[PDB]
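>>> model this:
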Amino acid sequence: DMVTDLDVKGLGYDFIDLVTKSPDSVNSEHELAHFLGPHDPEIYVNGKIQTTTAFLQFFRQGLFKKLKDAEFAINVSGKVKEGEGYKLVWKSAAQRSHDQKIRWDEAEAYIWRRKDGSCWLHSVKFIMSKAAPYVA
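Residues are numbered from 1 along each chain as shown. Coordinates below:
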């Protein structure tokens, strides 16, 4: 039955589905923008809070097109406490750069599991073109 957890994983699955959806359509990021319309979180882009529309703007300009070339994995959610939170992070495919370090874009979607049992997009952060100090 469509209970709260079902709605949580349904949401997550629908989101992931549209992210991994057909290349036949313009952009998975488009469907994502369209998904996050009623689910408008605090979109932090490069550290600045953006709404769905601003995201949409960067999207149309080609900024978030790296989002489906990104790597995702199973994030930690083992310690279920009371009022959960998930932060799914994608790292856009790292591209060979100059200084023996690599350029990538990071995307962290923070969702909280509302005490109601459902989950909603708390805030999502996109940090485009980042790197990390390489260990030498």
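>>> list the buried residues of stretch 59-72.
59, 63-68, 70 (16 or more other Cβ atoms under 10 Å). From N, CA and C alone the C-beta is placed, and that goes for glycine too.
>>> ends of that stretch, what's the gap?
19 Å (Cα to Cα, to the nearest Å).
>>> re earlier: next step: the buried residues of stretch 59-72 restricted to strands.
residue 70 (DSSP state E).
>>> turn the buried residues of stretch 59-72 into CSV, columns for distance to residue 104.
Shown next, in CSV, are the buried residues of stretch 59-72 (distance: Cβ to Cβ, whole Å):
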residue, distance to residue 104
59, 18
63, 14
64, 14
65, 14
66, 8
67, 12
68, 14
70, 8
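>>> keep only those of the buried residues of stretch 59-72 that are in helices.
residue 59 (DSSP state H).
>>> now do the phi/psi pair for the nearest residue to residue 130 once chain neighbours are set aside.
Spatial nearest neighbour of residue 130, excluding adjacent residues (Cβ to Cβ, 6 or more residues apart in numbering): residue 106 at 5.5 Å. Per-residue torsions, residue 106: phi -110, psi 140 (degrees, to the nearest 10).
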